[PDB]
Amino acid sequence: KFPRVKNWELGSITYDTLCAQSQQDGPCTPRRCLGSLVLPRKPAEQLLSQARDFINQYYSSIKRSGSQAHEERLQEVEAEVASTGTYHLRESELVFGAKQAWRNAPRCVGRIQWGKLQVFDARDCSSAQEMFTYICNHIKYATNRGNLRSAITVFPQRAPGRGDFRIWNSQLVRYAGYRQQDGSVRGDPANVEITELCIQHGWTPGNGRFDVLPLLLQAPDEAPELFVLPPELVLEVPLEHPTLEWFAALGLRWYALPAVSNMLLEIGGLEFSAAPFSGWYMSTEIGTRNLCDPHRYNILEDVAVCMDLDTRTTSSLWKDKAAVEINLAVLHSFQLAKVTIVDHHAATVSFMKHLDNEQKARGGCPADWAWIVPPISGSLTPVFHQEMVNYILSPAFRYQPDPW
Amino acid sequence: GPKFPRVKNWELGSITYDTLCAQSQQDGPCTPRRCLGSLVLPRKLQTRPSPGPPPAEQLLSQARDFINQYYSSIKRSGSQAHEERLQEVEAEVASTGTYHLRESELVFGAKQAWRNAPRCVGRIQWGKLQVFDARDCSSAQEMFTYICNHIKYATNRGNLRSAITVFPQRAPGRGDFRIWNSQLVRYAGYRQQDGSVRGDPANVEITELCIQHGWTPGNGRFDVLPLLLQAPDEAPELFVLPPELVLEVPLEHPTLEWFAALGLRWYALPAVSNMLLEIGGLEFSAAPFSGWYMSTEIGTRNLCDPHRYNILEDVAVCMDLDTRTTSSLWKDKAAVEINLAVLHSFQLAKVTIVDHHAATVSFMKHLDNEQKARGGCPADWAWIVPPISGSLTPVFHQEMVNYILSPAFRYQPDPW
Ligand code: HEM
Ligand code: HEM
Ligand SMILES: N#Cc1ccc(CCNCc2ccc3ccc(N)nc3c2)cc1Cl
Ligand SMILES: N#Cc1ccc(CCNCc2ccc3ccc(N)nc3c2)cc1Cl
Ligand SMILES: C[C@H](O)[C@H](O)[C@H]1CNc2nc(N)[nH]c(=O)c2N1
Ligand SMILES: C[C@H](O)[C@H](O)[C@H]1CNc2nc(N)[nH]c(=O)c2N1
Ligand SMILES: [Cl-]
Ligand SMILES: [Cl-]
Ligand SMILES: [Zn+2]
């Protein structure tokens with residue numbers, strides 16, 4: 001039947017009725033739960049049914065279901081699909097869809113913000129060069145000298161029997177990973193593949209630890225093109241610690257803008273293979289994951305040794321102590337630099353509020369507990385103690401294969 | 001490729017397939033439309049105490065399955081002894097509605113239930129379990145003796161030893177053996193005149209029950225509760241554990257000298273007493289078991305949960321942190337020092353304990369052992385990942401597949 005949803009800190013119970021509006025399958029079955037899997041395993045009226053549902057959402061949202069503006073808009077959509085196998089969205093529909101896709105994203109702890117999203121229509125875009133211009137404009141608007149603003153730029157939708165618009169980079173700002181000869185990696189190991197791809201497309205690589213990568217941009221059925229981001233567009237914060245002077249030394253830095261560019265935005269059955277979006281960072285993404293993950297910069301032992309800790313044994317919690325100072329250095333540095341950032345306590349607190357707003361507005365909120373709970377200090381945050389139901393609502397941000 | 005769940009580790013980049021989930025005979029809470037893996041007690045993780053016997057062929061099929069598991073585990077699968085055992089069980093169930101386990105079947109079952117528990121990070125140890133057969137027990141008084149014996153053996157003056165005591169199974173038209181308490185050692189929770197709680201809020205209800213059944217209550221933060229033990233069709237009787245049987249560890253910190261003055265302590269033995277042990281369709285409603293603690297259970301959940309002892313702010317204030325802003329990370333700092341104290345104090349007291357790093361590292365090893373042995377390992381990620389320092393442990397980066405195998409430790413309704 002319905003999921004009874006309990007908060008174990010408060011004893012409060014909700015019932016999620018919004019999940020009944022889900023008509024796309026997640027990975028689980030009654031025989032086995034696969035909720036911890038990062039990625040999924042892998043006519044014209046499926047399209048039509050998806051489109052009417054989106055249009056119905058849209059008019060429900062703006063005061064006017066059943067109105068004949070609703071009825072003829074519906075009628076435009078089948079005429080177009082019946083004739084061409086596809087259709088097109090109006091700008092206001094795209095703006096609404098983009099916001100619903102973020103609202104529906106189970107893994108985002110930042111959805112309290114979901115109605116505040118600058119949407120750039122970049123669907124009149126016929127070249128990699130024009131993509132670059134749009135992206136440069138996205139970054140200038142979003143970065144806003146450190147007062148970050150959420151934004152999405154939407155490039156032309158996929159079309160049958162034509163290649164996709166793609167941004168090859170997973171983010172607009174990424175540090176190069178240089179595979180070294182002897183096993184190791186200089187820079188960000190998460191970016192070895194895209195660094196190599198950049199070099200094979202004629203980029204002159206640096207040899208630093210934090211070299212900003214160029215963008216590879218691809219118009220349909222053309223080779224990707226390389227574009228170096230102008231340094232003045234890419235805001236970076238040098239990392240220092242509020243009390244440990246030696247930390248600043250470490251030569252650590254991170255960029256301001258989390259701008260994800262490899263997800264597919266799906267609205268009413270239409271698919272936008274290139275729709276980069278950005279918000280601002282939660283400090284644990286940088287301080288815990290990007291800098292402390294063993295397969296990332298992996299700096300835990302470095303900091304721990306500078307902190308003069310007992311590396312020899314795990315029960316001294318040297319890892320735990322080191323990680324706390326690194327997260328504090330990230331909070332400190334961003335706040336010093338006047339670059340928007342939110343700590344995981346503030347962030348999960350606002351997500352609890354979002355859940356409550358959502359329960360009231362929709363009768364639920366799809367949420368992926370393993371992603372909502374931060375990577376340090378889990379049970380110290382209120383979301384740890386909150387049961388959640390995970391499901392797929394459309395419009396949706398989806399994963400899609402790397403274009404190479 | 002393979003039509004089994006593909007399982008990836010994102011630290012190492014390595015891939016496995018779970019074929020063990022194919023032997024799952026029981027549905028979990030999830031459907032293709034909605035994942036409920038974050039619910040603690042979804043009703044598909046709960047049972048119901050039916051006073052009448054199981055429909056004999058539902059019982060028979062579970063029984064046959066377990067007997068096959070047993071003969072497979074001693075590599076006599078298909079043998080004449082195997083086929084004779086099945087026939088014997090079919091006979092027993094036919095004339096009495098139930099059947100009985102041989103001793104070594106009971107031992108195999110108890111270890112398998114542990115081995116199959118998706119929420120236990122301690123499972124590297126699953127082959128080392130002392131099984132106390134107490135299916136002869138016939139009074140609440142005798143349950144007490146069996147429990148004291150268990151506690152003495154398991155505690156072992158701080159050098160802790162995993163053990164389980166198994167009291168008689170559910171029987172057709174006869175009341176259950178039940179332990180009312182949730183653990184053998186629990187601190188009291190006294191609801192206050194002003195609405196707060198002195199002691200452990202987790203235990204308000206069992207405390208009130210002990211009082212109702214005649215216990216004279218104390219009023220400390222760490223009063224050990226009496227046991228409420230229930231023999232078939234008898235009211236629960238009250239038993240007080242002799243204080244010297246209950247090993248406790250006072251908490252101090254290795255460098256923050258004031259920490260000892262908080263007067264915090266915890267008991268050495270985690271002994272869970274309210275779970276149902278299910279083996280081949282047989283139901284052991286009283287089967288308490290114990291291992292030893294992972295330090296985050298004490299340092300993080302029991303002492304720092306807002307609805308538990310909730311000492312975070314207290315410790316943070318002693319540490320002189322900025323508690324009126326989140327971005328100071330005062331909660332994080334306090335939490336580390338409280339875990340350090342738990343680890344340090346147990347270590348000083350020579351009482352077995354394992355930190356969350358060491359625990360999760362051993363669980364990765366357990367996963368690889370089980371990959372080879374059985375083609376998978378049912379694992380509940382949300383419970384396996386520790387409540388602090390999540391991505392700092394190897395298990396965070398390990399995808400897991402969750403499902404119900406039997407023999408199993410299951411939840412059951414409170415006896416009242
Ligand atoms: C405004 C501040 C925001 C914050 C603090 C925030 C926070 C987060 C965090 C911490 C994650 C987990 C990501 C990871 O661990 O890899 C996440 C995921 C996600 N976020 Fe947000 N976010 C923000 C804005 C946005 C915006 C503007 C969008 C889209 C318009 C968005 C869409 C998503 C999606 C689709 C995911 C899933 C990530 C994935 O599957 O890779 N977020 N968010
Ligand atoms: C040997 C040392 C052991 C360690 C370090 C250990 C560790 C843990 C931890 C940390 C949990 C999570 C509990 C929670 O967060 O509430 C757990 C759960 C569990 N353990 Fe183990 N454990 C050990 C031994 C055992 C033994 C001996 C048994 C039974 C024979 C067992 C059966 C279970 C079961 C069934 C759960 C699920 C908890 C639940 O569903 O409520 N464990 N263990
Ligand atoms: N394959 C794969 C894969 C798939 C997903 C991921 C997670 C990447 N998510 C990054 C992300 C996405 C959206 C965000 C929105 C806001 C924000 N502050 N950070 C985000 C960070 C990582 C990998 Cl390696
Ligand atoms: N309702 C409910 C509910 C359901 C489950 C739980 C979890 C209790 N888990 C306790 C436990 C069980 C076995 C253990 C084995 C070893 C160990 N160190 N700790 C354990 C701790 C708590 C509640 Cl309140
Ligand atoms: C295996 C596991 O599901 C995987 O590492 C997930 C867990 N939770 C996460 N949570 C966030 N926010 N980001 C992540 O990348 C992950 N990774
Ligand atoms: C709501 C959520 O399921 C609940 O807080 C869970 C999360 N993970 C857990 N993990 C462990 N080991 N123990 C727990 O009690 C819980 N509680
Ligand atoms: Cl926020
Ligand atoms: Cl262990
Ligand atoms: Zn699931």
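Atom set for the values below is all heavy atoms of this structure, side chains included, hydrogens, waters and symmetry mates excluded. Per chain, numbering begins at 1; letters A, B, ... match sequence-line order.
Here A:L37 is the residue among A:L37, A:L331, A:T29, A:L34 with the most heavy-atom pairs under 4.5 Å with chain B. Ranking B:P306, B:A335, B:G37, B:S295 against chain A, the residue ahead of the rest is B:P306, based on heavy-atom pairs under 4.5 Å. Most heavy-atom pairs under 4.5 Å with chain A: of the set B:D305, B:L312, B:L41, this distinction falls to B:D305. If you tally non-hydrogen atom pairs under 4.5 Å between each of B:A382, B:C35, B:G28 and chain A, the highest count goes to B:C35. Among A:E9, A:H344, A:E387, the residue making the largest number of heavy-atom pairs under 4.5 Å with chain B is A:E387.
Residue A:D343 touches chain B through its side chain alone, counting heavy-atom pairs closer than 4.5 Å. Of the two parts of A:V38, the backbone and the side chain both hold a non-hydrogen atom closer than 4.5 Å to a non-hydrogen atom of chain B. In this structure, chain B has no heavy atom under 4.5 Å from any part of A:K42. Of the atoms belonging to A:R296, not a single heavy atom falls under 4.5 Å from chain B. Neither the backbone nor the side chain of A:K6 comes within contact range of chain B; no heavy atom of the residue lies under 4.5 Å from a heavy atom of that chain. With a 4.5 angstrom heavy-atom cutoff, A:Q24 touches chain B only via backbone atoms. Contacts of B:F4 with chain A are made by backbone atoms alone, with heavy-atom separations under 4.5 Å and no side-chain atom involved. Looking at B:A22, the atoms closer than 4.5 Å to chain A (heavy atoms on both sides) all sit in the backbone: N, CA, C or O. Heavy-atom distances place no part of A:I341 under 4.5 Å from chain B, backbone and side chain included.
Environment of OH in B:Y411: crowded, with over 12 heavy atoms of neighbouring residues, nucleotides or ligands closer than 6.0 Å. Within a 6.0 Å radius of CZ in A:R41, more than 12 heavy atoms belonging to other residues, nucleotides or ligands are found. Other residues, nucleotides and ligands contribute at most 12 non-hydrogen atoms within 6.0 Å of the CD atom of B:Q23. Within 6.0 Å of CZ on B:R119 lie more than 12 heavy atoms contributed by other residues, nucleotides or ligands.
Residues satisfying the ring-ring contact (aromatic ring centres under 6.0 Å, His included) test with B:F363, not counting sequence neighbours, are B:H366.
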- Message: Is there a side chain to side chain contact (heavy atoms under 4.5 Å, CB included) between B:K333 and A:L328? Walk through the geometry before answering.
- Response: CA-CA 10 Å; B:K333 285 174 146 173; A:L328 190 76; 4.0 Å; yes

- Message: Working note: A:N104 + A:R362, criterion side chain to side chain contact (heavy atoms under 4.5 Å, CB included); need CA distance, chi angles, decisive distance, verdict.
- Response: CA-CA 11 Å; A:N104 294 331; A:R362 300 213 281 183; 2.8 Å; yes

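Note on ring orientation: taking the six-membered ring where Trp is involved, the planes of A:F247 and A:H241 are tilted (angle from 30° to 60°).
Side-chain contact, A:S315 with B:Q347: a donor N or O sits under 3.5 Å from an acceptor N or O. Inspection of the B:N339 and B:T300 side chains reveals an N or O donor paired with an N or O acceptor under 3.5 Å.
Between B:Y293 and B:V342 there is no side-chain heavy-atom pair separated by less than 4.5 Å. Looking only at side-chain heavy atoms (C-beta outward), A:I392 and A:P366 stay at 4.5 Å or farther from each other.
Remark: side-chain polar atoms of B:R191 are not paired, donor with acceptor, to backbone N or O of B:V204 under 3.5 angstrom.
Scanning residues 388-398 of chain B against chain A with a 4.5 Å non-hydrogen threshold yields B:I388, B:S389, B:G390, B:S391, B:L392, B:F396, B:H397, sorted by number.
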